Amino acid sequence: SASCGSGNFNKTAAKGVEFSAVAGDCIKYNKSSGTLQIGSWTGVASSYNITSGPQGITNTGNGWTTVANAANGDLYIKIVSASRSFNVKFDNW
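What counts as what
Residues numbered from 1 in each chain as written, not as in the entry; some residues may be left out. Heavy atoms only, no water. Helix = DSSP H or I, 4+ residues; strand = E, 2+ residues; numbered from the N terminus. Buried < 20%, exposed > 50% of the residue type's maximum accessible area, 1.4 Å probe, protein only. Contact = heavy atoms within 4.5 Å. Salt bridge = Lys/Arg side-chain N within 4 Å of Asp/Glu carboxyl O. Core = buried A, V, L, I, M, F, W, Y, C linked by side-chain atoms within 4.5 Å. Pairing = 2+ DSSP bridges. Axes fitted to C-alpha atoms, helices over the stretch in contact; angles between N-to-C directions.

- Per the PDB record, this model was obtained through X-ray crystallography at a reported resolution of 1.7460 Å.

- Per the PDB entry, the chain goes by Carbohydrate binding module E1 and derives from uncultured bacterium.

Next comes the structure, spelled out in structure tokens:
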């Protein structure tokens, strides 16, 4: 109940497809290959914890954050902080 995961994620992200996100969101993302990338251009700093994965991921709101150690498969990504809603995309390459 305390872990962002298959039973409580509220949004699903599609590869390269931007969506509006807010602090508290728990996002399902499936990475087939390559390296996870988190991109945003709203100018809002955001931070992410991946369940059973890298934590303390930060994006400052003007480009892509590379997340080198995220596993392939279904990832559950909690948005831990964001001062306001912001457009983000999850990608991998």
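After presenting the structure, the write-up continues.
What about the environment of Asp 91?
- Mapped onto the fold, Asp 91 is located in strand β9 (residues 86-92).
- Residue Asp 91 is classed as buried on the basis of its relative accessible area, which comes to 10%.
- For the pair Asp 91 and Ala 14, spaced 77 residues apart in sequence, the C-alpha to C-alpha distance is 7.8 Å.
- If sequence neighbours within four positions are ignored, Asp 91 has contacts with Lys 15, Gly 16, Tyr 29, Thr 35, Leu 36, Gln 37 and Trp 64.

Brief notes about unusual backbone geometry
- Phi at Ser 52 is positive, roughly 55°, even though this residue is not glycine.
- Considering the arrangement of structural elements, one finds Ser 52 in the loop between β5 (46-50) and β6 (57-59).

What to know about the pattern of salt bridges
- Counting across every chain of the model gives two salt bridges.
- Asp 25 is the partner of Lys 11 in a salt bridge, and the nearest nitrogen-oxygen pair spans 2.6 Å. Placement of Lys 11 in strand β1 (residues 11-12) and of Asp 25 in the loop between β2 (19-21) and β3 (26-31) is noted, with a sequence separation of 14 residues between them.
- Looking at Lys 11, the relative accessible area reads 23%, which means it is partly exposed.

Brief notes about the nonpolar core
- Among the nonpolar cores identified, the biggest contains 20 residues, and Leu 36, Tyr 48, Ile 50, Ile 77, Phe 86, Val 88 and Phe 90 are the most heavily contacted of them.
- Secondary structure elements with two or more residues in this core: β2, β3, β4 (36-40), β5, β8 (73-82) and β9.
- The dominant element in this core, judged by the number of residues it contributes, is β8, at four residues.

Quick look at the sheet that holds β9
- Pairing within the open sheet is antiparallel, and its four strands lie in the order β2-β9-β4-β7. Strand pairing shows two members of the sheet lacking a second neighbour, β2 and β7 (63-67), which therefore form its edges. The average angle at which neighbouring strand axes cross in this sheet is 35°, direction not considered.
- Across three bridges, β2 lies against β9 in antiparallel orientation. In the sheet register, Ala 21 faces β9, and the bridge partner there is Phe 86.

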